[PDB]
Amino acid sequence: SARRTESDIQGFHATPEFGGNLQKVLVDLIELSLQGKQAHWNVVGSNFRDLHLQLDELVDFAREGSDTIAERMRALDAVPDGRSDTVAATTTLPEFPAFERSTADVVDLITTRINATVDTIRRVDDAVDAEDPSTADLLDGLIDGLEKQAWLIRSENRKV
Amino acid sequence: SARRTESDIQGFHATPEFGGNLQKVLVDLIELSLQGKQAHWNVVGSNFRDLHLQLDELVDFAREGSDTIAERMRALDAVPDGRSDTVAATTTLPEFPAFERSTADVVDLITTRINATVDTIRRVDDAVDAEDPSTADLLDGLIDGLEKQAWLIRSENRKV
Amino acid sequence: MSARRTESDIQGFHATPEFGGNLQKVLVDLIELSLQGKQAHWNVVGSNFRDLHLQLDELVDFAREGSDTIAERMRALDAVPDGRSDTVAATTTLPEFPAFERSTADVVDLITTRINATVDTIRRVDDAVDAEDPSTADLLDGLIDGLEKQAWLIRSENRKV
Amino acid sequence: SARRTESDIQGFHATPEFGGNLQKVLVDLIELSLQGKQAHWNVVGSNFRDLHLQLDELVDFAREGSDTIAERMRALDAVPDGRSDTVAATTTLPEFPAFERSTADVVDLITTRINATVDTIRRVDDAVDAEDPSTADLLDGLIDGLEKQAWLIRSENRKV
Amino acid sequence: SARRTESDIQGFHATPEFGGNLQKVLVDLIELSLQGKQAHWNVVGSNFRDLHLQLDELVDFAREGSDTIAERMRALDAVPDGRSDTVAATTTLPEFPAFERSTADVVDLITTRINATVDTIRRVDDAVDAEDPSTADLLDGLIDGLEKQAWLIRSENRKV
Amino acid sequence: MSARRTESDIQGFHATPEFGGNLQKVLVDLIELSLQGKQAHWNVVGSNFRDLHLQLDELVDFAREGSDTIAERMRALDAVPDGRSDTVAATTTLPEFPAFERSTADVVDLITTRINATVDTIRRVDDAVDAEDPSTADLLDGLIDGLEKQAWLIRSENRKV
Amino acid sequence: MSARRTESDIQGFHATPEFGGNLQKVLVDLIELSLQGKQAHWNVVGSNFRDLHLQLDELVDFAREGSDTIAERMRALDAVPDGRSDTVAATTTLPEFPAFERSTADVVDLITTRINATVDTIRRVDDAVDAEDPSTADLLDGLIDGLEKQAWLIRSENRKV
Amino acid sequence: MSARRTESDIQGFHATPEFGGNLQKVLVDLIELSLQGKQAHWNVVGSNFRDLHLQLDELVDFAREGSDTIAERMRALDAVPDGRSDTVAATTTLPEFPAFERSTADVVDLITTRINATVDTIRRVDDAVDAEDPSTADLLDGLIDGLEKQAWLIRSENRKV
Amino acid sequence: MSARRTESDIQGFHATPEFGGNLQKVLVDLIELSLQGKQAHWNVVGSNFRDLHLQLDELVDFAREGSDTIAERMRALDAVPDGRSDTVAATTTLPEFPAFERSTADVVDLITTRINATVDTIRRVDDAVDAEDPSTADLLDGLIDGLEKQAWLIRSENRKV
Amino acid sequence: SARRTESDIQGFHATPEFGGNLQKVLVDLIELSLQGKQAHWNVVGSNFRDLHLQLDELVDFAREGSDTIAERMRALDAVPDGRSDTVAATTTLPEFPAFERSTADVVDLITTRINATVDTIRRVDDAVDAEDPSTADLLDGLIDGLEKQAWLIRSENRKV
Amino acid sequence: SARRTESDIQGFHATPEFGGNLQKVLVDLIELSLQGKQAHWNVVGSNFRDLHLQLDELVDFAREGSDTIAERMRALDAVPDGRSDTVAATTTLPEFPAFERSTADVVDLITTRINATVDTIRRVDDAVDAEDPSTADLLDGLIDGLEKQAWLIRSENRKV
Amino acid sequence: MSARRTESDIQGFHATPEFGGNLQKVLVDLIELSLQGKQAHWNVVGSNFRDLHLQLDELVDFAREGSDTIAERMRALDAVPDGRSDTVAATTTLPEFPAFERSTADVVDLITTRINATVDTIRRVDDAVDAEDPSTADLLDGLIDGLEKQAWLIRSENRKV
Ligand SMILES: [Cl-]
Ligand SMILES: [Cl-]
Ligand SMILES: [Cl-]
Ligand SMILES: [Cl-]
Ligand SMILES: [Fe+2]
Ligand SMILES: [Fe+2]
Ligand SMILES: [Fe+2]
Ligand SMILES: [Fe+2]
Ligand SMILES: [Fe+2]
Ligand SMILES: [Fe+2]
Ligand SMILES: [Fe+2]
Ligand SMILES: [Fe+2]
Ligand SMILES: [Fe+2]
Ligand SMILES: [Fe+2]
Ligand SMILES: [Fe+2]
Ligand SMILES: [Fe+2]
Ligand SMILES: [Mg+2]
Ligand SMILES: [Mg+2]
Ligand SMILES: [Mg+2]
Ligand SMILES: [Mg+2]
């Protein structure tokens, strides 16, 4: 009646520009998760425990985020690259330093790393939204969740 | 290496107008929560239990909503005010009456007050979206959820 | 002071007839997909039967939650859904699922095509829906995301090298 | 010792008459689930919520029932048909009407639809039991569960 | 279209004898529940805890059973009577004694009273099955469950 | 062993026969309420059936937990409960529940009355129980609170304002 | 029907206006504490933010459960609660919570004070409530116990030993 | 009045020796199937290994619950089960499962055959069991249903077009 | 700010040293009971071992929750608990638990006695505690109820009727 | 950098002697589970329930143990044999007797069967540890869990 | 048949020295549990909540540990003594002070007492392992868990 | 008497630099495996896609729990882990996972090889780790066990007859 008369109906394909934009998001989410864990292990000093715990919650969110983005790429037949060499070579996040770091330092360092990750998402959002609003909605959820983490972490160092 | 150089990368900040718009949403969500509980306790008459129970679901949603908005304000460096004096003085919701009220009256009263709350959100949504799409998505979820509540409550009084 | 409104009767958002019809289009294709998803679920046989059998139930679960979401969104906005069998069969845009057993390979291709068709319906109304009501467009986008994920998880069985 | 000495032992095969009898059950269970959802969405008026909720419980039972029957057919190497065209063309259930319907009307309509579904099962039960008691036990469980739903729904309109 | 024409399709109705048979089952299940709790509270002596706990499991099963039968009666348009006066006056179970009782005595007493309850169900099962096989299946589940309880309780007193 | 007691046999708190008798009064009315609640649960018909049907089970659940609590409190205090059908029928203060199907409106009034009777039994006994054993009065107070909540949740159906 | 009462209408325990008024005092302070707790929850900044942020939600959870408990206890006893914003603002005894971001140290002192004010309201009312209805006093005592625990868990942050 | 029975010793249902032997036949085949199911679970290799590996554990779970059910039903009816290794090996009707690794395709065929054999045993005693005790026949029918579902979920891997 | 208090510092309810001392008596006996319960849990042997082994853990669970409750109630009221081993040993009123394996019959009598001693400590203190702070007496009453239940569930093993 | 330059890297392979040592453990764990169930069904007399329940806990542990061992064999490319004929022919456990057995007898019989199973594990532990410490750790966990079960069961018959 | 002949097979028995070694571990675990609760209640000051909560986690682990050791003793026919008098008289842990203590002091005190407990376990581990490797594995789990607790607690006081 | 130690500062176990370096080797290979595991998880296509897709997430979960365990064990023993991307890429012994889509068959072989490499690292340090600290060796052995199980569950797809 209103049934389409075709046996091969094409799905929505992402352009390579689109795929590349999500690839930028992906590497930063992965880097953030790797840096978050480094901080989680090596944070020491006043209010260690809270930061130790909040950092795991950040890592959980970023890990779920990176899976979401990579699988959205695959859904649109783009192909993600989350390999270590690629992440190290292409991430926009400032390097996390080595060794034990005080809670105060870790708060400042991680807040910056989150903000860099959010910046990447905000930078590609318009171009992503223009091609596929559904992907932009996922990016928006990441912005929301990550900016929450930044507030929850940075507030420790806030003086009023 | 594509790593950024900055030691301190700042996060997205909301304009005063943006903060003010979310504050408007916040007071109406809190007011709806308080009126919802008032109705939950004081409703009597035909089909009491159904409305008693549904009103608790409305309250739960409005409370989660008010927390989400206030914490979105915090993330974007805005400062929420959810104090009783502020809510009473600035809420746009028509006052909920005191004392026992019939089920049919509660249905009409609460439907009106939900719709008032949705109106507030709908009226700020374009300006919010223009500045920050991620926050607009949160507002949209509230519109969806509250309008569902309105339908579930108001249907009790529907004619034919 | 007081910023309280005075009206005793404040009205809710009402969808236009066009908006309701657009969501109705989404509804029937979601239901048809659920019905076809189960048909495939029961009737698939062959290499890697179990994975597809299981994955198809996940598709049906998502499509069922989606149709309830759209139908209830219609109700919220004073529109009236029609999910009856006769209406679905008469108005769905999905090619009919064939009868009897189908090979795993064929089910993969068939169901992928039907998901693609269901998503195409949603993508085709999304602009018009977003223009009238952004909140509803968000629900549509959630459906697009979830369905296209199902399409990937199913179709990849047949993709080579 | 008592081990059977055959590498290919045949399972129990359903006759085509048996398969056709379960196919009759299947289409009615599916139709009932589709009608149940229609009622669930479009019911309005006094005691909306209870009926709204009970209708979802009916749909849940009928959906689980249809999966049970279709998979029992497959187990016995019959092949079910639950496609929309087939269901519409072969269901014995009276058509559910369009548009919003009052709770009182919905109670009466749905009770009849359940009773029709139960009738189909009761009508084939003897013939099914004669070939395969195990399938008849499943049919009996459906009779029990559906007749419970009919009582739970119809009681709303019962005047004593 | 194979759709039926009838606007009102009636459900299966039980005969008075059928209703009476299920009523017999109901009073004995309720009586067993009350006696089970009595035993649960008042048992003392060797292996108290095991019997204390097992008796609660018996009660749970009997209560679920009594609810199932009474609601099966309702579904088939019969009217259950589970009131205390009716149960006392019409139960076939030998009276459970008052006051503290040894574990060994409770084992013997409860086993006898379970067996009495099963006897009632077994005695009505053929007549129930003849009229409605689905109800007989429910009775069969009760026979299975209660006879399991009898074994689990009585084994405490077994000789060699 | 500085402050340790050297007693081989230390006995527990023993309830008086008056106290035992007072808990027995509460027990039979809780059991009778449970039986009447289920009777109402099964046989209630008419307007708003489902809500009442469901609420009546919640009442029965609470009454059943209460009877077990009181009975085992008796046992702990060396008293002996009697919850047998004959005893409950012969000694309950609750008005008899009628036979047959009863309308939702009638069931609301009937059950509210029987809850209030049960609560009255507990309230009339509470002073004497508290005077001997405050811990048991606390249990009684929990039952009062819970049952009076049930009464409100049931009776509100029939309210006209 | 040996001991059965023959009354058709048995009424429940009815709260006096004094009792109703006393529960209302508790209600508004519990609601005000809930609103102030959330304000603190959102706006607290500085040393040990997360612990306080989290503990403040636990406080709010308990205060919200308390207000519902008291309000519904009023309803059960035929009293009528008023938890509306205007009433709470106009009648609460709690000192006003300040606006803007506040340090963890200040929030600790502020919230401890407001908890103690809430507890004081309950303690000042408890004797009169107990005298009329011991069951309701038990509920009040639960609130005292829970809130005083919250006060300890919050104030200990600022302790210097 | 009173309809109470007078006997202090009321006996339970006793199974005939034939009935016990029939359930014993079911028992050993269920245990053998469980043992063979695990063997296949560990030793299957090849195309679609994981699905079959997983599905075989589901088969074993069902067969294990089934053997416990039948054995305990025997005990309830004063019969005595024998599930010892020697008895199982000496009396099972199932063809022995071969040793060492088997291909996925072979495991599908082998296990399907063994399920078919297990179900055949149950179907062969079902009439005689139902004649003596309908309640036990219902348990057998549950086993028939569950096992034949497992057979379908496993065998469909090898079914073509 | 109509009824709002303007006090910057509002202090909480402060326990007297007598009250603190009374809760300390309860604390050490609860801890001693916990340690003795575990000793019995490990070393009990003989007829009905498992039931007693299991019940003893339930006792210990309740006693441990009780000690934490009382200790934190002290903290809330500005009292300071001491649950250290030396203090518990030096100040407990419980008769010493013997060393080595002990029969189930002996463990029943031993543990019942030690529960009753613990309950006696609480009962002897309850009037004074209630007089100063009813909320804390409610906690004590919960402990009485729970421990006396444990005593019944344990001692019933050795009963001869 | 430190990346190994090989596309085919071999895993750790168990020797046939190792595989045979685990095969000895496997058959005894399986026999124990079969004997445990036999006891679970046929135990009667004083403290029936406790033993009935503890025997199921033993069977649960032994079943999980046998899966663990067989899957460890497979992991190291050994091939387990848990077939009935093999178990009966190669188990070191004394045969469990037929018919109903008293709780006292069942306690003694099962304790011995557990001790035999533990003996087998202890006997192969050194040889297993010498080739693969990770497998020896699994064996040690079985020793711990089984010896706990032996204590929990035997204590019933212990006279002091 | 490879079945063993013995009707009574004995289980592994521990030496007196072995029993004595586990007793040493037991008293220190119990002492750590009591001191942990003492600290949990009486800690005050900066970052109270984190330490309050972490100390409960330490207590939970130590209690599970003490139960595991005592029950391992029972399994191997040793007799644990966890009575208050014995613990006080034989524990190697430095006495925990009475009264309120600052967070920083509690961190230092508890770290020292955890380390004392670990020292006891480490000092008996070789002798335990030599006699029974399975018990040494249990000790190793305690070493792992407690040293994790030590790190999580002590990090609060770490300098840079 | 008293066996209590006197020191106010008792030190914990400190790992040697060699020991820390050995655990660092394990750490980077576990992280690399997690990263490669996800890459394969997203990019695998072909026959039996779904099973491998799912099984690879289970591998990643285990590898992630393992890296956190080793890193935290390092911290417990006063060693300092480095799990940063640059370090992992520069020091991992795993062959790099290739880019873009790979067939199911290829992913099976590739990932099996990488697990084998990860386990080889652990096996190579196990003796030295066990010599200094048996407790850490136990954690390594748990990793060996879990990873080799994953290798079997993955590799068996490609094993023939
Ligand atoms: Cl409801
Ligand atoms: Cl926390
Ligand atoms: Cl799967
Ligand atoms: Cl138990
Ligand atoms: Fe995933
Ligand atoms: Fe929050
Ligand atoms: Fe719904
Ligand atoms: Fe299914
Ligand atoms: Fe029910
Ligand atoms: Fe109980
Ligand atoms: Fe409520
Ligand atoms: Fe069992
Ligand atoms: Fe605590
Ligand atoms: Fe497994
Ligand atoms: Fe234990
Ligand atoms: Fe962690
Ligand atoms: Mg903190
Ligand atoms: Mg597969
Ligand atoms: Mg209703
Ligand atoms: Mg026992």
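All residue numbers refer to a per-chain count from 1 along the written sequence rather than necessarily to the numbering of the entry. Residues that lack coordinates are not shown. Ligands are numbered from 1 and chains lettered from A, in the order in which they are written. Hydrogen atoms and water are omitted, and side-chain values are computed over all heavy atoms in the structure. Residues with missing side-chain atoms are left out of burial classes, side-chain pairs and their counts.

As summarised from the PDB record, the model derives from X-ray crystallography at a stated resolution of 2.05 Å.

A. Structural view of the overall build of chain A. Numbering goes from the N terminus for both helices and strands, where a helix is a DSSP run of H or I of at least four residues and a strand is a run of E of at least two. Regarding its fold elements, chain A presents 5 helices and 2 strands. Helices and strands appear in chain A in the N-to-C order α-β-α-α-β-α-α. Viewed in the frame of its principal axes, chain A has a C-alpha envelope of about 70 × 35 × 25 Å. Here, residues are in contact when the closest pair of their heavy atoms is within 4.5 Å. A sequence separation of at least 24 residues applies to 80% of the contacts in chain A between residues at least 6 apart.

B. Structural detail: the UniProt feature "binding site: Mg(2+) 1" (unreviewed entry) in chain C. UniProt positions are given in the numbering used here, feature names are shortened, and annotations may be inferred rather than shown by experiment. Listed under "binding site: Mg(2+) 1" (unreviewed entry) in the UniProt record, and renumbered for this structure, are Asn48 and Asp51 of chain C. By the secondary structure assignment, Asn48 of chain C is in the loop between strand 1 (44-45) and helix 2 (49-76). If we skip the residues at most four places from it in the chain, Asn48 of chain C touches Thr104 and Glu157 of chain C, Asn48, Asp51 and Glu157 of chain H together with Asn48 and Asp51 of chain L. Mapping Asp51 of chain C onto the fold places it in helix 2.

C. The UniProt feature "binding site: Fe(2+) 2" (unreviewed entry) in chain C, seen in detail. Sequence positions flagged by UniProt for "binding site: Fe(2+) 2" (unreviewed entry) are, in local numbering, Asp138 of chain C. Ignoring anything within four residues of it in the chain, the contact list for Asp138 of chain C reads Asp137 of chain A together with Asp137 and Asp140 of chain B.

D. Examining the pattern of salt bridges more closely. One speaks of a salt bridge when a side-chain nitrogen belonging to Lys or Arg is within 4 Å of a carboxyl oxygen belonging to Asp or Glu. Applying the stated criterion across every chain, the model contains 222 salt bridges over all chains. Here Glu96 of chain G makes a salt bridge to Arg83 of chain B, at a shortest N to O gap of 3.3 Å. Of this pair, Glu96 of chain G sits in the loop between helix 3 (85-91) and strand 2 (102-103) while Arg83 of chain B sits in the loop between helix 2 (48-75) and helix 3 (84-90), each in a different chain. Here the term buried applies to any residue with accessible area under 20% of the maximum for its type, exposed to any over 50%, and partly exposed to those in between, with areas from a 1.4 Å probe on protein chains only. The exposure class assigned to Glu96 of chain G is partly exposed, which follows from its relative accessible area of 42%. When the shortest N-O distance is used, the salt bridge between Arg84 of chain C and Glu95 of chain D registers 3.6 Å. Residue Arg84 of chain C is located in the loop between helix 2 and helix 3 (85-91), and its partner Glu95 of chain D is located in the loop between helix 3 (84-90) and strand 2 (101-102); the two belong to separate chains. The structure contains a network of salt bridges with shared partners spanning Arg72 and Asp132 of chain A together with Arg123, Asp145 and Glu148 of chain C.

E. Summary view of the coordination of the iron ion (ligand 12). Sodium, potassium and calcium take a 3.2 Å donor cutoff, other metals 2.8 Å, and in both cases only N, O and S atoms count; water is not among them, so sites may look incomplete. Coordination of the iron ion (ligand 12) by the protein is provided by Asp68 of chain H (OD) and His40 of chain J (NE2), with metal-donor distances spanning 2.6 to 2.8 Å. One end of the pair, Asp68 of chain H, is in helix 2 (residues 49-76); the other, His40 of chain J, is in helix 1 (residues 16-42), on a second chain. Since its relative accessible area comes to 17%, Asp68 of chain H is described here as buried.

F. Structural context of the packing of helix 5 (residues 133-154) of chain J against helix 5 (residues 134-155) of chain L. Contact geometry of helix 5 of chain J with helix 5 of chain L gives a least axis separation of 8 Å together with a crossing angle of 100°. Between helix 5 of chain J and helix 5 of chain L, the angle falls in the class roughly perpendicular. Touching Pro133, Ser134, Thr135, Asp137 and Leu138 of chain J of helix 5 of chain J are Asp138, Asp141, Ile144 and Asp145 of chain L, all from helix 5 of chain L. Any residue outside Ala, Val, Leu, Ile, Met, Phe, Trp, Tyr, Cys, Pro, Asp, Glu, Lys and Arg is labelled polar, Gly included; the first ten of those are nonpolar and the last four are charged. Looking at side-chain class alone, the contact of helix 5 of chain J with helix 5 of chain L contains 3 nonpolar, 2 polar and 4 charged residues. Every axis in this analysis is a line fitted to C-alpha atoms, fitted for helices over the stretch in contact. Angles between the N-to-C directions lie between 0 and 180 degrees. Any angle between 65 and 115 degrees counts as roughly perpendicular, while under 35 counts as roughly parallel, over 145 as roughly antiparallel, and the rest as oblique.

G. View of unusual backbone geometry. Residues and elements named next belong to chain I. At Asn48, a residue that is not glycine, the phi angle is positive and equals roughly 60°. By relative accessible area, which is 1% here, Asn48 ends up buried. A positive phi angle is found at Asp78, which is not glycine, with a value near 70°. Mapped onto the fold, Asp78 is located in the loop between helix 2 (49-76) and helix 3 (85-91). For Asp78, a relative accessible area of 36% translates into the label partly exposed.

H. Quick peek at the interface of chain K and chain G. In this assembly, 10 residues from chain K lie in contact with 11 residues from chain G. Carbon and sulfur atoms supply 47% of the area buried between chain K and chain G, which totals about 1,100 Å² over both sides. Throughout, the accessible surface (probe 1.4 Å) given up by two parts as they are put together, summed over both, is called the buried area. Looking only at chain K, the three residues that lose the most surface to chain G are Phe48, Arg49 and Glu100 of chain K, adding up to 51% of its buried area. The interface formed by chain K and chain G holds 3 salt bridges in total.

I. Expanded view of the arrangement of the chains. With respect to C-alpha atoms, chain D approaches chain G no nearer than 20 Å, and the pair has no contact. Where chain G comes nearest to chain H, the C-alpha atoms are still 14 Å apart, and the two do not contact one another.

J. Geometry of the interface of chain L and chain A. With 32 residues of chain L in contact, the opposing surface of chain A contributes 32 residues. Carbon and sulfur atoms make up 51% of the area that chain L and chain A hide from each other, which totals about 2,600 Å². Contact with chain A buries surface across chain L, with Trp42, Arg84 and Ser85 of chain L losing the most and accounting together for 27% of the total. Here chain L and chain A share 6 salt bridges between them. Polar contact is the term for a pair of N or O atoms within 3.5 Å; when the atoms are in protein, one must be able to donate a hydrogen and the other to accept it, and sequence-neighboring residues count only if both atoms are side-chain atoms. At the junction of chain L and chain A, the tally comes to 22 residue pairs in polar contact. Put simply, the parts of the chain that give the side of chain L that touches chain A at least two residues each are helix 1 (17-43), helix 2 (49-76) and helix 3 (85-91) of chain L. In terms of residue count, the dominant contributor to the side of chain L that touches chain A is helix 1 of chain L (9 residues). Counted by class, the side of chain L that touches chain A contains 14 nonpolar, 7 polar and 11 charged residues.

K. Spatial organisation of the UniProt feature "binding site: Mg(2+) 2" (unreviewed entry) in chain A. Summarizing the sequence annotation, UniProt attributes the feature "binding site: Mg(2+) 2" (unreviewed entry) to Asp137 of chain A in the numbering used throughout. Note on placement: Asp137 of chain A falls in helix 5 (residues 133-154). For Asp137 of chain A, the contacting residues outside a window of four places in its chain are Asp137 of chain B together with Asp138 and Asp141 of chain C.

L. Local environment of the side chain of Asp145 of chain C. Residue position: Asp145 of chain C is located in helix 5 (residues 134-155). Apart from the residues lying within four places of it in its own chain, the contact partners of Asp145 of chain C are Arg72, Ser134, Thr135 and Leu138 of chain A.

M. Looking closely at the packing of aromatic side chains. Within 6.5 Å between ring centres, the rings of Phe, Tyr and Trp (the latter by its six-membered ring) count as paired, and their orientation is classed by plane angle as stacked under 30 degrees, edge-to-face over 60, tilted in between. For the coordinates displayed, the defined rule picks out 12 aromatic pairs over all chains. Ring centres of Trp151 of chain D and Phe49 of chain F lie 5.9 Å apart, and the angle between their planes is 65°; on these two criteria the pair is classed as edge-to-face. Of this pair, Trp151 of chain D sits in helix 5 (residues 133-154) while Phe49 of chain F sits in helix 2 (residues 49-76), on two different chains. Assessed through its relative accessible area of 1%, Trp151 of chain D is described here as buried. A relative accessible area of 0% means that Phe49 of chain F is categorised as buried. Seen from the ring of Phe13 of chain H, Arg122 of chain E lies directly overhead, with NZ or CZ sitting 3.9 Å from the centre. A ring has a charge above it when a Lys NZ or an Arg CZ is no more than 6 Å from the ring centre and no more than 35 degrees off the ring normal. Geometry around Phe12 of chain K places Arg122 of chain J over its ring, the cationic atom sitting 3.9 Å from the centre.

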